[PDB]
Each structure stands twice: as C-alpha cells, then as structure tokens.
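Here's the structure we're looking at; comments come further down.
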Amino acid sequence: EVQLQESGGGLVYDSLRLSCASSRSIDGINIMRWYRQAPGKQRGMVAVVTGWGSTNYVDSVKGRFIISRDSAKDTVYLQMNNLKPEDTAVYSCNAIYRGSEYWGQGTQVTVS
Amino acid sequence: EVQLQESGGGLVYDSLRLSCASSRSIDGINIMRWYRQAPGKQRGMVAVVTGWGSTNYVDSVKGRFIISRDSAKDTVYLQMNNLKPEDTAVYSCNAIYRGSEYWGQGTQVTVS
Amino acid sequence: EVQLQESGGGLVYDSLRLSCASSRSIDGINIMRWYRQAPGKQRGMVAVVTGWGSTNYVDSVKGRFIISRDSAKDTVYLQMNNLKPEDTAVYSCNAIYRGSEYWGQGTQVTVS
Amino acid sequence: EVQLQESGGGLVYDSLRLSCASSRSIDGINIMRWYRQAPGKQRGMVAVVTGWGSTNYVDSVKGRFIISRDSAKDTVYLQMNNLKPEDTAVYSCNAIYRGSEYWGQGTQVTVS
Amino acid sequence: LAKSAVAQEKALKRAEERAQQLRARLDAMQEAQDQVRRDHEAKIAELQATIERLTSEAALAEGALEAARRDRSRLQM
Amino acid sequence: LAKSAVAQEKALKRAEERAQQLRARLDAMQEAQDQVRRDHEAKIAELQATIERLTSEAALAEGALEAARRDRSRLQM
Amino acid sequence: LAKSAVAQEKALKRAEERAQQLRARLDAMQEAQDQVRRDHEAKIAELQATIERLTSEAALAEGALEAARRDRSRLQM
Amino acid sequence: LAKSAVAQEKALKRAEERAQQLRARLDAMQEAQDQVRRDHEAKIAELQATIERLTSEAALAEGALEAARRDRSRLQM
Amino acid sequence: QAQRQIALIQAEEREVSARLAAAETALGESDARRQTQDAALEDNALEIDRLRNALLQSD
Amino acid sequence: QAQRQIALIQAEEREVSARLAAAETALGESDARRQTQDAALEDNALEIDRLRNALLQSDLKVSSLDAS
Amino acid sequence: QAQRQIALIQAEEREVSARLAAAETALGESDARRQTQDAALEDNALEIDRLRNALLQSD
Amino acid sequence: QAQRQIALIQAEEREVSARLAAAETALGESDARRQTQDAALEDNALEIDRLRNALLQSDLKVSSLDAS
C-alpha cells in the first residue's frame, strides 16, 4: 500500500499556502492531480502536475494558480493569491500509482 | 495528419459495425478513440481503446457495442450489435498523433 | 527408463544422419548426449546438446557432424555430413532421467 | 568482475589445513571445485562441492578427503590427514559463476 | 423519497454480487498457486539431480586420466 | 418509513467496506506472484548456465584428453 | 634457432593477453544491455498504466456526467 | 624442436584471427546500441506527448461540467 | 493415497469455509434487524395502549 | 503428515456439528421468531386501525354536539 | 543534413580508428624484432672478425 | 552540435596527415632497413662460410704435417 499526507489550512480577512507531502514511493509518480470539494457537494479536479511538469489547470483558475514540483522531496506546491470569497471548498490532493488511484485525508480552504 | 476515412454504419431498424480505417501510420497508434453526438447537443465519446489491448466502455454501449483492434490493417473494429432504439445518433472516429489531434467524417446511425 | 531405439547410420564410402528416437518423456529432456567408440578401446562422446538450445561439439566432429533438436517428436537430430575416412566408428546415443542413466544400441558407421 | 582468495599453505615432517574464501558475490555459487597442480605439469580437479552439498571426489582420495561448506561465510573446507609424501602439488580453488569460470592466485601443499 | 428505497434496494443487491463474483476469483487464484507450487518442487530436483551426478562423471572420468597419466613420465623424460 | 429508509442506508455502508475488504487481500496476494515467481524464474536461468559449461569444459576434457592420451599410451605397439 | 624459437614464445604471450583484453571490454559493455535496457523496458510498462486509467476515469467523467447533466439542464423544455 | 616453431607459428596465426573475428562483433554491438538509443528517445516523447495534452482535456472538459453545474443549485433546492 | 486424503481436504475445507462464511453473515444482520424490528414495533405497541385510554375517556 | 491431515478430518467433522450446527440451529430461531413478530405487525396494525379510526369515528361528536 | 555529417563521422572515425589500431600494432613489434635482429646478427658479425684473425695466424 | 561535428572533421583530417602519416612514413623506414639487414644476413652468412670452411680447409695441415 501507499500513503499520502495533506497540509495547508488557513483563514484571512491575505496570505495562504497549501502542501501535500508523501513519505513513501517517493517520485514514483506519473500523473497526479489536485481537487476541491464544495460542502455537501461533489468533487472535481482543480490543478495537476505530471512527469514533465507541464502546466494546465481547470478554467476557473486561469491566471489564478501557479503549480510547481520538487522531484526529490515529493511535495508539490500551488500559488494562492488574490482570493475571492467564492473559491472556498474542501481540498484533497490526488495521485495515481501503477494505474491505481490513491486519496488522502482531505482539507478545506476558506476565505470570507 | 491522418485521414481517418471512416465508414461502416447504416440506417435500419440488425447487425452493424463501425470500422475506422487508416491512411498512414500502421499502428503508430497511441490513444485513439470514437465520438458520437445527438442533434441539438455537442459531442461525446462511445468507446476508447489503447494500443495495449486494454479496452473500456462507457455504460451505455456495454453488452451491445464492441470495440476491438486489428493491427495487421490498422482498422479499429467497433462492432454494432443488438441495435436498440436509443442507438440512433451521429458518429465519428478519432485518433491522436504528434499531439495534434485529427478527425474525419463519421456517419449517421439511426436504429429504432 | 527410456527406450532410445536409435537408428539412422550406415556403411558406405555420402550424407548420413544419427537420429535417436524416443519411447516416453516427450522433452522430459535434461542433459542428453551421444557416444562413439573405436574397436579395441573404450567409449567416448561425439556431441552433446541440452534442452536450452545450447549446443557444443568436440573438436573432430566440427564442420562435418551437426546436432540439432526437435521437441515436436523428441528425436535429437545428429546429421552425418561430409563423411571423412576417419569417421569409421561404432556409435550409440544417450540420455539421463531421474538421475539413473539409460542407454540403447547404436550402430556401426564405416566411411573411408 | 568477481574475485577469489586462497589460503592454507604448510609443511610437516602432521597437522595441516586449507581454505579458499571469497569477498564478493557471496553464495551466488553453483558448481565450484578444487584443483591441484604437479610442478611443471598440468592441472586437474581434486574435490568439489555444489548447491546441495553432495559428496564426490577424484578416485585418488576416496577415504582421504572430507569436504564441507558454509553457505554464509563463503569459505569451503577440506579435511587433510594421514598424508603420503606423494600427494604434493600446487592447489588453486575454482568456481563458476553465471556459466563463466574464475581462477585465483594458487598455492601449493607439500609433505616430505 | 417513496421510491428512494427502490434505488437503494439495488445497491443492496448489486453490491451483493460484487461480493459473490469477486470471491470466485479468490477461489481460483489459490490453486493457481498451489498446483504450481507442486510443479516448482519437482523441477528443481529433476534439474538439480541431473547435475548432482554430473560432477561424479566430470571427476571419475579424469581418474583414468590421472592414475594412468603418471606412467608417461617414466619414458617421455 | 424512516427506520426502513435508514436501515438500507447503514446496510450498504458495510458491504462497501467488504468491497475494499475483499479487494484488500486480492491486491496483496496478487503481488505474491509478481515478484516471488518472477525471480523464481530467474534462478532457473542462473542454474541453467552451469549445464552449458560443464558440457563445454568436459568437451575438451573428455575428447581431446583421450584422443592423444590413449594414443600416447600405444606403447603396446 | 634459439632466438627464433624464443621469439615466437614471447610473441604469443601478448596476443593471448589481448584475448582477455578484448573480451574484457566485451564482457563489460555487454552487461550494459542486460540491466540498462531491461529496466528501461519496465518504465514503459509503468507509464503504460496511466494511459489505462485516465481513460477509465474519464469513461465515467465524460459520459455519465453528461448523460444526465445536460438532461438535467433541459429546463429549456 | 626443429618443427616446434611450425606448431608455434599457427598459434601466432590462429590467435591473430581471434583478434580479427572478435573485433567485428565489437563493431556491430556499437550500432546495436546507438541506433536503438535513437529509438528510445522518440518513443518516450511520442508516448509522453499523447499524455501531456490528455490532462488538458480531462480538465477543460470538466470546465463545462463545473462552470455550468453551479446553476442547478438555484432551482433544485 | 496421500493425494486421496488431500483431494478431500481442500474440497471439504472450501465447503466448510463456505458455511462458516455464509451462516455467520446470514445470522448476524438478520439478528441486528430483528432486535430493531422488535424495538421498532414494540415502542408504538404502547401507541395503541395510550390511545385505547384516550378513546374511553371521551366515548 | 498425511495422517495428520487424516486427524484433521474428524476434528473438522467435529467443528461442523459444533459451531456449524449452532449457526444452523440459530437460523431456525430467528425465522420462527421473525414470523411471529412479522405476522403480529399486520395484526398489531389491524388492532391499531380499528380504534385509531374509531378515535376519529367516535370523537367527531365532540364538536358537532356543542353546536346544540 | 545533420544526419549527413553524422553519417560520415561514425564512418570516418571507424576507418580512422582502424588505421590508428593497425599502424600502431604494425610498427611496434616489427620495430622490436628489428632491433633484436640487429643485435642478433651484429654480435656474431664479429664472429667472422674474430676468426679472420684466427685464420691468418696459422695459414 | 552538428557544426562541432563539422569542426571535428577538419581536425580529424589533421590527425591523419599527422600521427596517421608519421606511422605510415615510419613503415617505409623499417621495411627498407629490414631488407638491408635481411639481405646482408645472407651475404654475411656467405662471407662467414667461405672462411669458416677455409678454417677447416686450411687448418687440416696442422696435424697431417706433424706426422713428418
């Protein structure tokens, strides 16, 4: 089995950060992605990184999020600035190993 | 650029096929797939196969529509069996080489 | 115990074969080999093959005597080509199953 | 590449021992054997050990040598007692890895 | 809501066959190992045996080529 | 129909734990093939070489060392 | 014919060092296949899985999430 | 001794072709790697590219299924 | 004959494991629901016991 | 070993008349009691409805008479 | 055209390496033997120089 | 890169007229000198034998005369 670990919760009126680390199967990573969950609602992708580190997102955050990787430490990062109180949701990083998916605990990001 | 000069459909009530031929690149086949669409709406896929014999289907075309490979000719076999009334639609095959996707015609299948 | 009812030799001057048949154990074939001997002397091998397609020859039978496998019948093919005058001898094939070795007849090849 | 290491030289009028250790590719050992060399003469096997530790020798030492292994430390041992001054030769332990043979430095055993 | 049990009856039924179907593959893979685990017991012995009396011929055959080779030095030199 | 509606709701939630609980053993014991037998195939190849060379080494050790030795001991002539 | 006899004797001894000296590079660089490419074959298989699941995950994500969504937004009717 | 050079002439000749023959296989194995080393450069890109704009469709296709999904909550509740 | 006794031992245990598995899951939940159905029905069993008084007071 | 697989068989047969039967015998318990409460629920519903409706049937005199 | 220049570079270097290899081994040993053959023949070149005196003393 | 493979070609052609030729030019040296000493060895043997045998031819008078 493989494991994940989330991080990055916080509130403001604006400075914020998120992180999702892993302790095992380090860098053995093909496509892995990021999600957000609206309370009591469904779940969907928000941002992704891959083997070559190509950049592409969901349309809601074009010009809003910047995402970057470290191959070694296994903790991908995202740039959250200029927030709008309507972006709040429940976030949970994603990763697929050997073709099988693996979710983690899950956290939320709120601004209000 | 490929020339997926697809054909094989029909306009009847008993046993049909969707065969998308080739023009170049005999099994230069990375991910390649099919799409359908109902009038007044945008597009949608039906079944997708990948060069590794792995095949998966959307829920609807299970048990009645079958997709299979034939590398000796580079002509994906998507058999239309047990044509139920809902199966009326407009179809078109697909492929992706060099990154730049390519498309063709497809035909109109109407069975009631 | 096998019944290596071997045959194929001859007594002539142009192209001959040493074919050692089988009776059981269709390619239950571990190390199995051949022996020859010159009158007034004890025995000696000619060529040995092993179930892994690896074949090696003693110096003399190089370039003229050829050993090859045929698992579809379990009949080792030891062709006698370019029968030089020295090739006069008495031959007999061999095999080893369960550890306990087994032998047969062989025949007398005399070419001058 | 792989390496070997000999040991065990000595003289008496009678107590004697030999050893042949290795520092790498430990226990990755199929058939490995022991040799002796008459001065200015050729070379031949004397004693052997294998994967299952079966016991068998050269006819000259039936009832003369006892040979035993340690799987871990990679240093096989032989029992040399009741010597006769005619057994003296030049010894060099042997081993075959992945089908290829590997000799070492070489030593001598003399009694006189 | 009145029919909402009807939909939730089928997940109570469909999840039952996913229990039924899956344990069948668990049945098969056990003998897909055990029977093979009897095959890779005979193959080693049947292969290792045909070596354990091959060194006994690589040596005893040299016995004639060493016990009789001590005679050539009497006249060659 | 509150207790009946709620009953199916807690009913499904356990069989979906078995869904993981029966694909947990399957994922593990299926890995017991992908490495245990696959390397077990390699040791056969490793042991396979020695049956290629004991024949090659004895190829010179049986023929050549007897094509001339017994020729040399033809002192009877 | 002492210097001529001795000359060939030291002559052969160097070309038999090249015999090892040219099968030394061969043994090494031949091992540069048995592990470098063989694992390089595995990474293709490892990367191969992700093209099997992004199709499976999008199989539900493209059809089902649009067979009913655009049906649900038929409020135009 | 008089002919002993004749025998030692052939080892001075035979070892020469073992030098000649062997270097030929060294010639071949170099392009048996280099040409393949151009093949395993295109395969990764041609395989990785057909993924690098597959996530760009796994996401933008959900843009329609999230930017328009915010409207159903206005009337469903 | 060793294979004979063995031939049944995997055969029997699989049939044994099946009835260990089936009966355990057969009994359990139906036991859980039965106690609830008892609780479900016996609490509003007083519902008639409460109303039979409420009927007789006014009638 | 083969006989200790023989020894298992008897003990294996002991385990089925044991826990195996205990589960079977408990099966008859539940279904028997289930039918008692299941059939009663119909009867208990039958006994409730006659006096729950009579509640509505008989009470109706509380308001209509008060007009007098 | 990159493949064009490359096509010669493995082609030329292999021909280059061949003449680096061949000439180096061609020159070396024949040089070693030539100096010995000089030494071999010039030491018994005095052998005639010694005997020509030995001939003239007695003749 | 392709041009630095182009740069190599000239320098590669410089290396052959260089060490490549030095080896070739040295080849003519040895074979020329080899033939000088090789042919001489026959001549030097020819010059030795006439007076090595004359040694035997002329000395023989040392013993035969002493009989007188």
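Labels for the structure tokens follow display order: chains A, B, ..., residues from 1 in each chain, ligands from 1.
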
Enumerate the residues of chain B with a DSSP assignment of strand (DSSP E), computed from the backbone, and present them as number ranges by chain.
-> B: 15-20, 32-37, 43-49, 55-57, 65-68, 76-81, 89-96, 101-103, 108-109

What are the coordinates of chain D as a short mmCIF file (atom, residue, chain, number, x, y, z; two decimals) with C-alpha atoms, in the first residue's frame following a least-squares fit to chain C on all in-order C-alpha atoms?
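Okay, this is what ended up in part_24.cif:
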```
data_model
loop_
_atom_site.label_atom_id
_atom_site.label_comp_id
_atom_site.auth_asym_id
_atom_site.auth_seq_id
_atom_site.Cartn_x
_atom_site.Cartn_y
_atom_site.Cartn_z
CA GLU D 1 12.07 -47.81 -16.41
CA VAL D 2 12.72 -45.75 -19.53
CA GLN D 3 13.66 -46.79 -23.07
CA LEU D 4 15.65 -45.49 -26.06
CA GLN D 5 15.86 -46.43 -29.74
CA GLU D 6 18.74 -45.89 -32.17
CA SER D 7 18.88 -45.67 -35.98
CA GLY D 8 20.96 -44.42 -38.89
CA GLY D 9 23.35 -47.11 -40.14
CA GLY D 10 24.86 -46.91 -43.60
CA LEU D 11 27.83 -47.07 -45.99
CA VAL D 12 29.05 -45.15 -49.06
CA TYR D 13 32.16 -44.99 -51.21
CA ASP D 14 28.39 -39.75 -49.93
CA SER D 15 25.01 -39.45 -48.22
CA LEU D 16 24.33 -40.54 -44.64
CA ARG D 17 22.06 -39.79 -41.68
CA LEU D 18 21.50 -40.86 -38.07
CA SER D 19 18.59 -40.70 -35.64
CA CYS D 20 17.86 -41.78 -32.07
CA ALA D 21 14.19 -41.80 -31.07
CA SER D 22 12.41 -42.53 -27.81
CA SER D 23 8.86 -43.76 -27.22
CA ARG D 24 8.33 -42.87 -23.55
CA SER D 25 9.09 -40.09 -21.06
CA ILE D 26 8.95 -37.81 -24.07
CA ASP D 27 10.74 -34.44 -23.73
CA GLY D 28 11.29 -35.11 -20.03
CA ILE D 29 14.89 -34.52 -21.01
CA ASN D 30 17.65 -32.59 -19.35
CA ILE D 31 21.21 -33.02 -20.71
CA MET D 32 21.46 -35.90 -23.19
CA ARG D 33 24.44 -36.65 -25.38
CA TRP D 34 25.90 -38.73 -28.23
CA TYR D 35 28.81 -41.18 -28.29
CA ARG D 36 30.99 -43.21 -30.62
CA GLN D 37 32.95 -46.40 -29.94
CA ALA D 38 36.12 -47.49 -31.70
CA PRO D 39 36.04 -51.27 -32.29
CA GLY D 40 37.46 -53.06 -29.29
CA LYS D 41 38.24 -49.68 -27.71
CA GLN D 42 36.62 -47.39 -25.15
CA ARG D 43 33.69 -44.98 -25.40
CA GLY D 44 33.36 -41.20 -25.35
CA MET D 45 31.06 -38.30 -26.11
CA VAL D 46 30.80 -36.85 -29.60
CA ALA D 47 27.86 -34.41 -29.58
CA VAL D 48 25.31 -33.07 -27.10
CA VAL D 49 22.04 -31.15 -26.87
CA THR D 50 20.36 -29.79 -23.76
CA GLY D 51 17.27 -28.00 -22.50
CA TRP D 52 18.02 -24.71 -24.23
CA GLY D 53 19.51 -26.33 -27.34
CA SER D 54 22.93 -24.73 -26.91
CA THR D 55 25.57 -25.79 -29.42
CA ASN D 56 28.91 -27.36 -28.43
CA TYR D 57 30.79 -30.48 -29.51
CA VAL D 58 34.01 -32.46 -29.13
CA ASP D 59 37.04 -30.81 -30.72
CA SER D 60 37.29 -33.46 -33.46
CA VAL D 61 34.15 -32.20 -35.20
CA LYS D 62 34.28 -28.42 -34.96
CA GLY D 63 32.96 -27.37 -38.35
CA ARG D 64 31.93 -30.97 -39.07
CA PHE D 65 28.70 -31.74 -37.21
CA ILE D 66 25.47 -29.76 -36.82
CA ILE D 67 23.01 -31.02 -34.21
CA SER D 68 19.39 -29.96 -33.71
CA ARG D 69 16.31 -31.00 -31.73
CA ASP D 70 12.55 -31.38 -31.96
CA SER D 71 10.97 -30.96 -28.53
CA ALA D 72 7.81 -32.84 -29.47
CA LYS D 73 8.75 -35.93 -31.48
CA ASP D 74 11.81 -36.75 -29.32
CA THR D 75 14.33 -37.54 -32.05
CA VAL D 76 17.45 -35.39 -32.13
CA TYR D 77 19.37 -35.13 -35.43
CA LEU D 78 22.99 -34.61 -36.50
CA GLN D 79 24.44 -33.39 -39.80
CA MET D 80 27.06 -35.78 -41.23
CA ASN D 81 28.75 -34.62 -44.43
CA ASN D 82 32.25 -34.45 -45.98
CA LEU D 83 33.32 -37.63 -44.19
CA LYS D 84 36.89 -38.86 -43.80
CA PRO D 85 37.43 -42.64 -43.62
CA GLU D 86 38.99 -42.25 -40.16
CA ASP D 87 35.78 -41.15 -38.41
CA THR D 88 34.34 -44.67 -38.34
CA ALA D 89 33.21 -45.93 -34.94
CA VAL D 90 30.30 -47.50 -33.03
CA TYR D 91 27.64 -44.97 -32.04
CA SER D 92 25.10 -45.12 -29.21
CA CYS D 93 22.96 -42.15 -28.17
CA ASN D 94 22.77 -41.16 -24.51
CA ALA D 95 20.28 -39.57 -22.13
CA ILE D 96 20.08 -38.86 -18.38
CA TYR D 97 16.69 -38.75 -16.64
CA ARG D 98 16.17 -37.74 -12.99
CA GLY D 99 19.96 -37.86 -12.62
CA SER D 100 20.28 -41.46 -13.86
CA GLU D 101 21.81 -42.38 -17.21
CA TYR D 102 20.23 -44.68 -19.79
CA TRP D 103 22.01 -46.32 -22.72
CA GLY D 104 20.47 -48.01 -25.74
CA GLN D 105 21.37 -50.77 -28.19
CA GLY D 106 24.12 -49.08 -30.17
CA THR D 107 25.05 -48.85 -33.85
CA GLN D 108 28.08 -48.15 -36.02
CA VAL D 109 28.98 -45.61 -38.70
CA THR D 110 31.59 -46.62 -41.28
CA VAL D 111 33.05 -44.87 -44.32
CA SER D 112 35.73 -46.52 -46.46
#
```

Identify, with DSSP run on backbone atoms, the residues in chain J assigned to alpha helix (DSSP H), and express the list as a PyMOL selection string.
-> chain J and resi 2-15+21-59+61-64

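Atom CA of residue 41 of chain L to atom CA of residue 54 of chain L spans 19.4 Å [interatomic distance, one decimal].
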
Distance query segment 25-38 of chain E at most 8 Å, only C-alpha atoms, self and fewer than 4 positions along chain excluded, as a ChimeraX atom specification = /E:21,42 /F:26

Residues from last step as file, N, CA and C atoms, as a PDB file, in the first residue's frame:
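Everything below was put into again08.pdb:
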```
ATOM      1  N   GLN E  21     -19.277 -12.439  -7.026  1.00  0.00           N
ATOM      2  CA  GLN E  21     -18.377 -12.643  -8.155  1.00  0.00           C
ATOM      3  C   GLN E  21     -16.921 -12.628  -7.713  1.00  0.00           C
ATOM      4  N   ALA E  42       9.181 -30.202  -8.128  1.00  0.00           N
ATOM      5  CA  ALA E  42       9.770 -31.280  -8.910  1.00  0.00           C
ATOM      6  C   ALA E  42      10.808 -30.763  -9.899  1.00  0.00           C
TER       7      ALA E  42
ATOM      8  N   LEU F  26      -6.974  -9.435  -2.137  1.00  0.00           N
ATOM      9  CA  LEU F  26      -6.687  -9.704  -3.540  1.00  0.00           C
ATOM     10  C   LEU F  26      -5.485  -8.910  -4.028  1.00  0.00           C
TER      11      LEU F  26
END
```

Near segment 28-30 of chain L, counting only C-alpha atoms, which residues have an atom at most 10 Å away, once you skip same-chain residues fewer than 6 positions from it, shown as a PyMOL selection string?
-> (chain K and resi 27+30-31+34) or (chain L and resi 36)

Selection above as a file: C-alpha atoms, as a short mmCIF file (atom, residue, chain, number, x, y, z; two decimals), in the first residue's frame:
```
data_model
loop_
_atom_site.label_atom_id
_atom_site.label_comp_id
_atom_site.auth_asym_id
_atom_site.auth_seq_id
_atom_site.Cartn_x
_atom_site.Cartn_y
_atom_site.Cartn_z
CA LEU K 27 55.04 -0.67 -36.43
CA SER K 30 58.38 -5.27 -36.13
CA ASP K 31 60.40 -2.48 -34.56
CA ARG K 34 64.35 -5.37 -35.98
CA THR L 36 69.19 -4.10 -45.79
#
```
